[PDB]
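Q: One file is attached below, query.pdb, containing PDB, C-alpha atoms (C1' of nucleotides).
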```
ATOM      1  CA  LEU Z 153      64.039 147.230  91.344  1.00  0.00           C
ATOM      2  CA  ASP Z 154      62.331 146.669  87.998  1.00  0.00           C
ATOM      3  CA  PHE Z 155      62.573 150.404  87.268  1.00  0.00           C
ATOM      4  CA  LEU Z 156      66.283 150.633  88.104  1.00  0.00           C
ATOM      5  CA  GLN Z 157      67.067 147.519  86.064  1.00  0.00           C
ATOM      6  CA  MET Z 158      65.809 149.245  82.906  1.00  0.00           C
ATOM      7  CA  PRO Z 159      68.780 150.547  80.868  1.00  0.00           C
ATOM      8  CA  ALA Z 160      67.081 153.924  80.298  1.00  0.00           C
ATOM      9  CA  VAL Z 161      67.564 154.927  83.965  1.00  0.00           C
ATOM     10  CA  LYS Z 162      70.980 156.001  85.267  1.00  0.00           C
ATOM     11  CA  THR Z 163      71.631 155.859  89.015  1.00  0.00           C
ATOM     12  CA  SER Z 164      75.043 157.550  89.089  1.00  0.00           C
ATOM     13  CA  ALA Z 165      73.857 160.903  90.485  1.00  0.00           C
ATOM     14  CA  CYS Z 166      71.970 159.485  93.482  1.00  0.00           C
ATOM     15  CA  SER Z 167      73.232 160.823  96.805  1.00  0.00           C
ATOM     16  CA  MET Z 168      70.477 159.997  99.325  1.00  0.00           C
ATOM     17  CA  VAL Z 169      68.718 156.730 100.201  1.00  0.00           C
ATOM     18  CA  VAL Z 170      65.967 156.439 102.821  1.00  0.00           C
ATOM     19  CA  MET Z 171      64.441 153.170 104.030  1.00  0.00           C
ATOM     20  CA  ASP Z 172      61.267 153.505 106.087  1.00  0.00           C
ATOM     21  CA  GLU Z 173      60.398 150.504 108.247  1.00  0.00           C
ATOM     22  CA  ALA Z 174      64.021 149.487 107.747  1.00  0.00           C
ATOM     23  CA  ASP Z 175      63.643 146.493 110.066  1.00  0.00           C
ATOM     24  CA  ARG Z 176      61.002 145.089 107.692  1.00  0.00           C
ATOM     25  CA  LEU Z 177      63.017 145.836 104.545  1.00  0.00           C
ATOM     26  CA  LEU Z 178      66.069 144.039 105.966  1.00  0.00           C
ATOM     27  CA  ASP Z 179      63.888 141.054 106.882  1.00  0.00           C
ATOM     28  CA  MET Z 180      64.784 137.665 105.431  1.00  0.00           C
ATOM     29  CA  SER Z 181      62.138 137.996 102.714  1.00  0.00           C
ATOM     30  CA  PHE Z 182      62.992 141.554 101.646  1.00  0.00           C
ATOM     31  CA  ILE Z 183      66.779 141.275 101.941  1.00  0.00           C
ATOM     32  CA  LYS Z 184      67.080 139.640  98.503  1.00  0.00           C
ATOM     33  CA  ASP Z 185      65.459 142.610  96.735  1.00  0.00           C
ATOM     34  CA  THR Z 186      67.009 145.377  98.843  1.00  0.00           C
ATOM     35  CA  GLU Z 187      70.482 143.901  98.374  1.00  0.00           C
ATOM     36  CA  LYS Z 188      70.054 144.232  94.600  1.00  0.00           C
ATOM     37  CA  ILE Z 189      68.538 147.714  94.901  1.00  0.00           C
ATOM     38  CA  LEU Z 190      71.498 148.932  96.952  1.00  0.00           C
ATOM     39  CA  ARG Z 191      73.877 147.044  94.653  1.00  0.00           C
ATOM     40  CA  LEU Z 192      72.713 149.126  91.693  1.00  0.00           C
ATOM     41  CA  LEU Z 193      73.070 152.464  93.526  1.00  0.00           C
ATOM     42  CA  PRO Z 194      76.426 154.133  94.284  1.00  0.00           C
ATOM     43  CA  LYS Z 195      78.107 153.283  97.573  1.00  0.00           C
ATOM     44  CA  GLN Z 196      79.172 156.836  98.493  1.00  0.00           C
ATOM     45  CA  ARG Z 197      75.854 158.237  99.690  1.00  0.00           C
ATOM     46  CA  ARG Z 198      73.870 159.172 102.790  1.00  0.00           C
ATOM     47  CA  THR Z 199      71.538 156.521 104.197  1.00  0.00           C
ATOM     48  CA  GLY Z 200      68.637 156.992 106.565  1.00  0.00           C
ATOM     49  CA  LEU Z 201      67.017 153.960 108.183  1.00  0.00           C
ATOM     50  CA  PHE Z 202      63.793 154.690 110.079  1.00  0.00           C
ATOM     51  CA  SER Z 203      61.793 152.094 111.978  1.00  0.00           C
ATOM     52  CA  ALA Z 204      59.752 151.853 115.165  1.00  0.00           C
ATOM     53  CA  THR Z 205      61.521 148.555 115.989  1.00  0.00           C
ATOM     54  CA  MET Z 206      64.963 149.344 114.602  1.00  0.00           C
ATOM     55  CA  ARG Z 207      66.666 147.499 117.473  1.00  0.00           C
ATOM     56  CA  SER Z 208      65.433 144.108 116.241  1.00  0.00           C
ATOM     57  CA  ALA Z 209      67.371 144.398 112.967  1.00  0.00           C
ATOM     58  CA  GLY Z 210      70.515 144.353 115.050  1.00  0.00           C
ATOM     59  CA  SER Z 211      73.564 143.580 112.927  1.00  0.00           C
ATOM     60  CA  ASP Z 212      71.690 143.648 109.594  1.00  0.00           C
ATOM     61  CA  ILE Z 213      71.795 147.450 109.430  1.00  0.00           C
ATOM     62  CA  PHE Z 214      75.387 147.280 108.164  1.00  0.00           C
ATOM     63  CA  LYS Z 215      74.095 145.295 105.178  1.00  0.00           C
ATOM     64  CA  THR Z 216      72.666 148.613 103.956  1.00  0.00           C
ATOM     65  CA  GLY Z 217      76.131 150.137 103.675  1.00  0.00           C
ATOM     66  CA  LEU Z 218      76.268 152.794 106.369  1.00  0.00           C
ATOM     67  CA  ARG Z 219      79.346 155.020 106.215  1.00  0.00           C
ATOM     68  CA  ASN Z 220      79.215 157.545 109.083  1.00  0.00           C
ATOM     69  CA  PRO Z 221      76.224 156.417 111.137  1.00  0.00           C
ATOM     70  CA  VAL Z 222      74.653 157.586 114.387  1.00  0.00           C
ATOM     71  CA  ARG Z 223      72.014 155.376 115.991  1.00  0.00           C
ATOM     72  CA  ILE Z 224      69.128 157.291 117.571  1.00  0.00           C
ATOM     73  CA  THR Z 225      66.697 155.921 120.157  1.00  0.00           C
ATOM     74  CA  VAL Z 226      63.606 157.878 121.219  1.00  0.00           C
ATOM     75  CA  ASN Z 227      61.466 156.801 124.172  1.00  0.00           C
ATOM     76  CA  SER Z 228      58.498 158.290 126.001  1.00  0.00           C
ATOM     77  CA  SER Z 234      48.555 153.568 129.682  1.00  0.00           C
ATOM     78  CA  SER Z 235      47.678 154.934 126.251  1.00  0.00           C
ATOM     79  CA  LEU Z 236      45.891 151.794 125.046  1.00  0.00           C
ATOM     80  CA  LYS Z 237      44.673 148.480 126.432  1.00  0.00           C
ATOM     81  CA  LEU Z 238      46.144 145.082 125.540  1.00  0.00           C
ATOM     82  CA  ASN Z 239      43.785 142.170 126.227  1.00  0.00           C
ATOM     83  CA  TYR Z 240      43.549 138.517 125.277  1.00  0.00           C
ATOM     84  CA  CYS Z 241      40.852 135.842 125.264  1.00  0.00           C
ATOM     85  CA  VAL Z 242      41.496 132.112 125.647  1.00  0.00           C
ATOM     86  CA  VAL Z 243      38.685 130.277 123.843  1.00  0.00           C
ATOM     87  CA  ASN Z 244      38.075 127.138 121.826  1.00  0.00           C
ATOM     88  CA  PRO Z 245      38.983 127.731 118.156  1.00  0.00           C
ATOM     89  CA  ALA Z 246      35.609 126.600 116.792  1.00  0.00           C
ATOM     90  CA  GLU Z 247      33.962 129.505 118.653  1.00  0.00           C
ATOM     91  CA  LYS Z 248      36.492 132.153 117.607  1.00  0.00           C
ATOM     92  CA  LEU Z 249      34.510 133.681 114.734  1.00  0.00           C
ATOM     93  CA  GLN Z 250      31.370 133.724 116.888  1.00  0.00           C
ATOM     94  CA  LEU Z 251      33.310 135.627 119.539  1.00  0.00           C
ATOM     95  CA  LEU Z 252      34.306 138.127 116.852  1.00  0.00           C
ATOM     96  CA  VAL Z 253      30.623 138.686 116.119  1.00  0.00           C
ATOM     97  CA  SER Z 254      29.884 139.076 119.825  1.00  0.00           C
ATOM     98  CA  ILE Z 255      32.453 141.881 119.897  1.00  0.00           C
ATOM     99  CA  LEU Z 256      31.280 143.667 116.755  1.00  0.00           C
ATOM    100  CA  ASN Z 257      27.635 144.067 117.782  1.00  0.00           C
ATOM    101  CA  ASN Z 258      28.278 144.844 121.468  1.00  0.00           C
ATOM    102  CA  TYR Z 259      31.451 146.904 121.929  1.00  0.00           C
ATOM    103  CA  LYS Z 260      31.590 150.670 121.421  1.00  0.00           C
ATOM    104  CA  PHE Z 261      33.833 151.880 118.606  1.00  0.00           C
ATOM    105  CA  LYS Z 262      34.060 154.084 115.540  1.00  0.00           C
ATOM    106  CA  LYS Z 263      36.529 151.904 113.614  1.00  0.00           C
ATOM    107  CA  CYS Z 264      37.432 148.271 114.254  1.00  0.00           C
ATOM    108  CA  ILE Z 265      40.301 146.595 112.401  1.00  0.00           C
ATOM    109  CA  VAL Z 266      40.102 142.788 112.393  1.00  0.00           C
ATOM    110  CA  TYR Z 267      43.264 140.983 111.307  1.00  0.00           C
ATOM    111  CA  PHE Z 268      43.263 137.600 109.561  1.00  0.00           C
ATOM    112  CA  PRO Z 269      46.235 135.323 108.824  1.00  0.00           C
ATOM    113  CA  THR Z 270      45.784 134.854 105.066  1.00  0.00           C
ATOM    114  CA  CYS Z 271      44.141 136.616 102.132  1.00  0.00           C
ATOM    115  CA  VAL Z 272      41.824 133.737 101.218  1.00  0.00           C
ATOM    116  CA  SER Z 273      40.660 133.749 104.835  1.00  0.00           C
ATOM    117  CA  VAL Z 274      39.943 137.475 104.533  1.00  0.00           C
ATOM    118  CA  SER Z 275      37.740 136.972 101.472  1.00  0.00           C
ATOM    119  CA  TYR Z 276      36.038 133.820 102.792  1.00  0.00           C
ATOM    120  CA  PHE Z 277      35.138 135.208 106.208  1.00  0.00           C
ATOM    121  CA  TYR Z 278      34.151 138.554 104.680  1.00  0.00           C
ATOM    122  CA  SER Z 279      31.644 136.755 102.460  1.00  0.00           C
ATOM    123  CA  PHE Z 280      30.307 134.640 105.325  1.00  0.00           C
ATOM    124  CA  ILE Z 281      29.901 137.634 107.652  1.00  0.00           C
ATOM    125  CA  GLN Z 282      28.109 139.514 104.874  1.00  0.00           C
ATOM    126  CA  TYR Z 283      25.787 136.515 104.544  1.00  0.00           C
ATOM    127  CA  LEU Z 284      25.170 136.568 108.302  1.00  0.00           C
ATOM    128  CA  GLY Z 285      24.364 140.276 108.127  1.00  0.00           C
ATOM    129  CA  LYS Z 286      21.908 139.537 105.328  1.00  0.00           C
ATOM    130  CA  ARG Z 287      19.975 137.330 107.772  1.00  0.00           C
ATOM    131  CA  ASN Z 288      20.279 140.114 110.395  1.00  0.00           C
ATOM    132  CA  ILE Z 289      22.359 138.010 112.778  1.00  0.00           C
ATOM    133  CA  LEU Z 290      24.174 141.183 113.872  1.00  0.00           C
ATOM    134  CA  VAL Z 291      22.116 144.384 113.967  1.00  0.00           C
ATOM    135  CA  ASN Z 292      24.169 147.593 113.974  1.00  0.00           C
ATOM    136  CA  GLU Z 293      25.167 150.488 111.727  1.00  0.00           C
ATOM    137  CA  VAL Z 294      28.312 148.626 110.682  1.00  0.00           C
ATOM    138  CA  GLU Z 295      29.834 148.675 107.202  1.00  0.00           C
ATOM    139  CA  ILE Z 296      32.240 145.790 106.594  1.00  0.00           C
ATOM    140  CA  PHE Z 297      35.185 145.958 104.175  1.00  0.00           C
ATOM    141  CA  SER Z 298      37.929 143.547 103.140  1.00  0.00           C
ATOM    142  CA  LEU Z 299      41.452 144.582 102.152  1.00  0.00           C
ATOM    143  CA  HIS Z 300      44.244 142.087 101.511  1.00  0.00           C
ATOM    144  CA  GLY Z 301      47.454 142.616  99.575  1.00  0.00           C
ATOM    145  CA  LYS Z 302      46.777 140.303  96.630  1.00  0.00           C
ATOM    146  CA  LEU Z 303      44.158 142.631  95.141  1.00  0.00           C
TER     147      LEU Z 303
ATOM    148  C1'   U E   1     117.368 101.280  68.631  1.00  0.00           C
ATOM    149  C1'   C E   2     111.541 101.230  66.863  1.00  0.00           C
ATOM    150  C1'   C E   3     106.193  98.692  66.996  1.00  0.00           C
ATOM    151  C1'   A E   4     103.524  95.585  70.674  1.00  0.00           C
ATOM    152  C1'   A E   5      96.181  91.770  71.013  1.00  0.00           C
ATOM    153  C1'   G E   6      93.089  89.246  74.506  1.00  0.00           C
ATOM    154  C1'   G E   7      91.641  86.228  78.927  1.00  0.00           C
ATOM    155  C1'   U E   8      92.781  84.496  83.800  1.00  0.00           C
ATOM    156  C1'   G E   9      95.059  85.865  87.611  1.00  0.00           C
ATOM    157  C1'   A E  10      91.184  89.072  90.922  1.00  0.00           C
ATOM    158  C1'   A E  11      98.979  90.536  94.713  1.00  0.00           C
ATOM    159  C1'   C E  12     104.653  93.064  89.438  1.00  0.00           C
ATOM    160  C1'   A E  13     104.387  87.716  88.709  1.00  0.00           C
ATOM    161  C1'   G E  14     103.176  83.067  86.509  1.00  0.00           C
ATOM    162  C1'   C E  15      99.432  80.215  83.013  1.00  0.00           C
ATOM    163  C1'   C E  16      96.579  80.064  78.271  1.00  0.00           C
ATOM    164  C1'   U E  17      95.424  81.750  73.482  1.00  0.00           C
ATOM    165  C1'   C E  18      94.547  85.382  68.561  1.00  0.00           C
ATOM    166  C1'   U E  19      97.767  87.551  64.166  1.00  0.00           C
ATOM    167  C1'   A E  20     102.671  85.927  62.693  1.00  0.00           C
ATOM    168  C1'   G E  21     106.534  82.410  62.852  1.00  0.00           C
ATOM    169  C1'   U E  22     108.748  77.301  64.208  1.00  0.00           C
ATOM    170  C1'   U E  23     109.082  71.566  64.487  1.00  0.00           C
ATOM    171  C1'   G E  24     115.870  73.367  64.650  1.00  0.00           C
ATOM    172  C1'   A E  25     119.291  70.062  67.679  1.00  0.00           C
ATOM    173  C1'   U E  26     122.728  62.247  64.122  1.00  0.00           C
ATOM    174  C1'   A E  27     118.802  58.122  64.597  1.00  0.00           C
ATOM    175  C1'   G E  28     117.090  52.860  66.436  1.00  0.00           C
ATOM    176  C1'   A E  29     116.880  49.230  70.497  1.00  0.00           C
ATOM    177  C1'   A E  30     117.283  47.817  75.347  1.00  0.00           C
ATOM    178  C1'   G E  31     113.120  64.652  93.411  1.00  0.00           C
ATOM    179  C1'   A E  32     109.513  61.948  96.481  1.00  0.00           C
ATOM    180  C1'   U E  33     107.693  58.331 100.118  1.00  0.00           C
ATOM    181  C1'   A E  34     108.244  55.170 104.361  1.00  0.00           C
ATOM    182  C1'   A E  35     106.203  51.461 110.730  1.00  0.00           C
ATOM    183  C1'   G E  36     108.648  52.628 116.063  1.00  0.00           C
ATOM    184  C1'   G E  37     112.228  55.960 118.178  1.00  0.00           C
ATOM    185  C1'   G E  38     113.219  61.470 117.383  1.00  0.00           C
ATOM    186  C1'   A E  39     119.996  64.254 116.647  1.00  0.00           C
ATOM    187  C1'   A E  40     120.957  58.401 119.932  1.00  0.00           C
ATOM    188  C1'   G E  41     124.776  60.756 113.610  1.00  0.00           C
ATOM    189  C1'   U E  42     128.603  64.301 112.971  1.00  0.00           C
ATOM    190  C1'   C E  43     134.221  68.245 115.522  1.00  0.00           C
ATOM    191  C1'   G E  44     129.852  70.897 114.858  1.00  0.00           C
ATOM    192  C1'   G E  45     121.464  69.677 113.163  1.00  0.00           C
ATOM    193  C1'   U E  46      89.594  85.368  98.963  1.00  0.00           C
ATOM    194  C1'   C E  47      84.803  82.397 100.553  1.00  0.00           C
ATOM    195  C1'   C E  48      78.629  80.823 103.344  1.00  0.00           C
ATOM    196  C1'   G E  49      73.953  84.085 106.944  1.00  0.00           C
ATOM    197  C1'   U E  50      72.879  89.635 108.348  1.00  0.00           C
ATOM    198  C1'   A E  51      71.617  94.580 108.319  1.00  0.00           C
ATOM    199  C1'   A E  52      71.908  99.822 107.234  1.00  0.00           C
ATOM    200  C1'   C E  53      73.738 102.581 103.357  1.00  0.00           C
ATOM    201  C1'   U E  54      75.326 103.690  98.515  1.00  0.00           C
ATOM    202  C1'   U E  55      75.535 106.819  91.512  1.00  0.00           C
ATOM    203  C1'   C E  56      74.200 110.783  87.766  1.00  0.00           C
ATOM    204  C1'   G E  57      70.793 114.733  86.217  1.00  0.00           C
ATOM    205  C1'   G E  58      66.299 117.586  86.546  1.00  0.00           C
ATOM    206  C1'   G E  59      63.907 119.654  89.691  1.00  0.00           C
ATOM    207  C1'   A E  60      62.517 125.234  93.920  1.00  0.00           C
ATOM    208  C1'   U E  61      58.234 126.197  96.827  1.00  0.00           C
ATOM    209  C1'   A E  62      54.888 121.037 103.041  1.00  0.00           C
ATOM    210  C1'   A E  63      54.039 115.865 101.119  1.00  0.00           C
ATOM    211  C1'   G E  64      53.937 112.436  96.847  1.00  0.00           C
ATOM    212  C1'   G E  65      48.582 106.660  96.818  1.00  0.00           C
ATOM    213  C1'   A E  66      45.643 110.249  98.167  1.00  0.00           C
ATOM    214  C1'   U E  67      40.060 114.143  99.741  1.00  0.00           C
ATOM    215  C1'   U E  68      45.939 118.584  97.015  1.00  0.00           C
ATOM    216  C1'   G E  69      43.705 122.946  98.008  1.00  0.00           C
ATOM    217  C1'   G E  70      49.464 125.165 101.102  1.00  0.00           C
ATOM    218  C1'   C E  71      51.791 131.570 104.677  1.00  0.00           C
ATOM    219  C1'   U E  72      52.525 137.670 105.040  1.00  0.00           C
ATOM    220  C1'   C E  73      54.495 141.739 102.177  1.00  0.00           C
ATOM    221  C1'   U E  74      56.842 142.577  97.640  1.00  0.00           C
ATOM    222  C1'   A E  75      58.349 144.088  89.719  1.00  0.00           C
ATOM    223  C1'   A E  76      55.494 141.167  85.337  1.00  0.00           C
ATOM    224  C1'   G E  77      52.078 136.411  85.249  1.00  0.00           C
ATOM    225  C1'   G E  78      48.968 136.038  76.956  1.00  0.00           C
ATOM    226  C1'   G E  79      45.564 139.646  74.114  1.00  0.00           C
ATOM    227  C1'   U E  80      40.832 141.859  73.814  1.00  0.00           C
ATOM    228  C1'   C E  81      35.747 142.992  75.003  1.00  0.00           C
ATOM    229  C1'   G E  82      31.437 143.850  78.176  1.00  0.00           C
ATOM    230  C1'   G E  83      27.527 147.468  83.279  1.00  0.00           C
ATOM    231  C1'   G E  84      21.221 149.512  84.910  1.00  0.00           C
ATOM    232  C1'   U E  85      16.066 152.393  84.680  1.00  0.00           C
ATOM    233  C1'   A E  86      13.754 156.983  82.770  1.00  0.00           C
ATOM    234  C1'   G E  87      13.068 161.620  79.563  1.00  0.00           C
TER     235        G E  87
END
```
Starting from the coordinates I provided, produce the structure as structure tokens.

A:
Amino acid sequence: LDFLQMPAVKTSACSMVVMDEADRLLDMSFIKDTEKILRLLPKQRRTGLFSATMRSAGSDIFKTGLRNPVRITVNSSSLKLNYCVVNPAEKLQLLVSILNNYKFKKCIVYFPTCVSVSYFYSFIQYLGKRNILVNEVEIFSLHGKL
RNA sequence: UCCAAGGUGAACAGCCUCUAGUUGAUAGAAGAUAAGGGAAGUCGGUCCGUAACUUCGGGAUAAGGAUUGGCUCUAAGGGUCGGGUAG
């Protein structure tokens, strides 16, 4: 959006727009920016929306400006879906009890916020300094505010 | 045919006054109420006590007396500088 708003860039010859994860880009948060981005670009074009949950963005696909569209749905136990019901104050401990006991090559642990990612990363590193968990595990943190 | 102050009224009205005009018109003296009866008459009888609310802007970001720190992704968030031990 910042790039297209610069006067040095002309958008008149564009003839192809693709939105990957189009259900996420038409979300309530992203709709403000994508509306402007599509506003700058010419209306007569070919649009391709691609998303693994494209059905959820039900009537918001026409906000993109489809002209001659064809919806496409592709369908096929690959993986296990479990859940644990525990007291919150134990939750982090349970995480540790999974990291040093389960068998894996890569484990991805999701956190709600970025500050939580940094804070718990530092505390788990401190625990590993004291050898609370003993394994050939290398721990990284990656949030989107970096 | 032109000009046209204010206050009360808190209902055009009426009342009072500011500026400005008058003191003109022979002079002196000496409708209302009603006891009892009630048509017997005549042709004809706005202010005291409650409660909720309630005006303009600026603010964005969950609050606004408290210990303020407040979501995920996504353009920019003042400038600059700086990293070990050895040969």

Q: Quick one: which residues end up in the PyMOL selection byres ((chain Z) within 10 of (chain E)) for this structure, as a list in words?

A: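 That selection, the PyMOL selection byres ((chain Z) within 10 of (chain E)), comes back as residues 153, 154, 155, 176, 177, 181, 182, 185, 269, 270, 271, 301 and 302 of chain Z.
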
Q: Counting only C-alpha atoms (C1' of nucleotides), select every polymer residue within 10 Å of (29.9, 140.0, 108.3) as defined in the file's coordinates, and provide the selection as a short mmCIF file (atom, residue, chain, number, x, y, z; two decimals) with C-alpha atoms, in the frame of the given file.

A:
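Output contents, as saved in out07.cif:
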```cif
data_model
loop_
_atom_site.label_atom_id
_atom_site.label_comp_id
_atom_site.auth_asym_id
_atom_site.auth_seq_id
_atom_site.Cartn_x
_atom_site.Cartn_y
_atom_site.Cartn_z
CA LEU Z 252 34.31 138.13 116.85
CA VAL Z 253 30.62 138.69 116.12
CA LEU Z 256 31.28 143.67 116.76
CA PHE Z 277 35.14 135.21 106.21
CA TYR Z 278 34.15 138.55 104.68
CA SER Z 279 31.64 136.76 102.46
CA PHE Z 280 30.31 134.64 105.32
CA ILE Z 281 29.90 137.63 107.65
CA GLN Z 282 28.11 139.51 104.87
CA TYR Z 283 25.79 136.51 104.54
CA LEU Z 284 25.17 136.57 108.30
CA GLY Z 285 24.36 140.28 108.13
CA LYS Z 286 21.91 139.54 105.33
CA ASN Z 288 20.28 140.11 110.40
CA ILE Z 289 22.36 138.01 112.78
CA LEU Z 290 24.17 141.18 113.87
CA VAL Z 294 28.31 148.63 110.68
CA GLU Z 295 29.83 148.68 107.20
CA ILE Z 296 32.24 145.79 106.59
CA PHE Z 297 35.18 145.96 104.18
#
```

Q: Can you work out the spacing between atom CA of residue 258 of chain Z and atom CA of residue 274 of chain Z in Å, to one decimal?

A: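 The value is 21.8 Å.
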
Q: Could you work out how far atom CA of residue 275 of chain Z lies from atom CA of residue 244 of chain Z, giving the answer in Å with one decimal?

A: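 Straight-line distance from atom CA of residue 244 of chain Z to atom CA of residue 275 of chain Z works out to 22.6 Å.
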
Q: In Å to one decimal, how far is atom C1' of residue 16 of chain E from atom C1' of residue 32 of chain E?

A: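 Computing the Euclidean distance for atom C1' of residue 32 of chain E and atom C1' of residue 16 of chain E yields 28.8 Å.
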
Q: Report as a PyMOL selection string the residues that result from applying the PyMOL selection byres ((chain Z and resi 206) around 10) to the structure here.

A: chain Z and resi 173-176+201-205+207-210+213+223-225

Q: Go through the shown structure with the PyMOL selection byres ((chain Z and resi 163) around 9) and write out the matching residues as JSON, numbers by chain.

A: {"Z": [156, 161, 162, 164, 165, 166, 192, 193, 194]}

Q: Atoms to include: C-alpha atoms. Write the selected residues as a PDB file, keeping the file's coordinate frame.

A:
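Okay, selection09.pdb is ready:
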```
ATOM      1  CA  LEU Z 156      66.283 150.633  88.104  1.00  0.00           C
ATOM      2  CA  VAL Z 161      67.564 154.927  83.965  1.00  0.00           C
ATOM      3  CA  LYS Z 162      70.980 156.001  85.267  1.00  0.00           C
ATOM      4  CA  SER Z 164      75.043 157.550  89.089  1.00  0.00           C
ATOM      5  CA  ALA Z 165      73.857 160.903  90.485  1.00  0.00           C
ATOM      6  CA  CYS Z 166      71.970 159.485  93.482  1.00  0.00           C
ATOM      7  CA  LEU Z 192      72.713 149.126  91.693  1.00  0.00           C
ATOM      8  CA  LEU Z 193      73.070 152.464  93.526  1.00  0.00           C
ATOM      9  CA  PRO Z 194      76.426 154.133  94.284  1.00  0.00           C
TER      10      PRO Z 194
END
```

Q: With all atoms of segment 258-275 of chain Z from the file as input, state the centre and edge lengths in Å to one decimal of the axis-aligned box that has 8 Å extra on each side, as lines of an AutoDock Vina configuration file.

A:
```
center_x = 37.3
center_y = 143.9
center_z = 111.6
size_x = 34.0
size_y = 36.3
size_z = 36.7
```
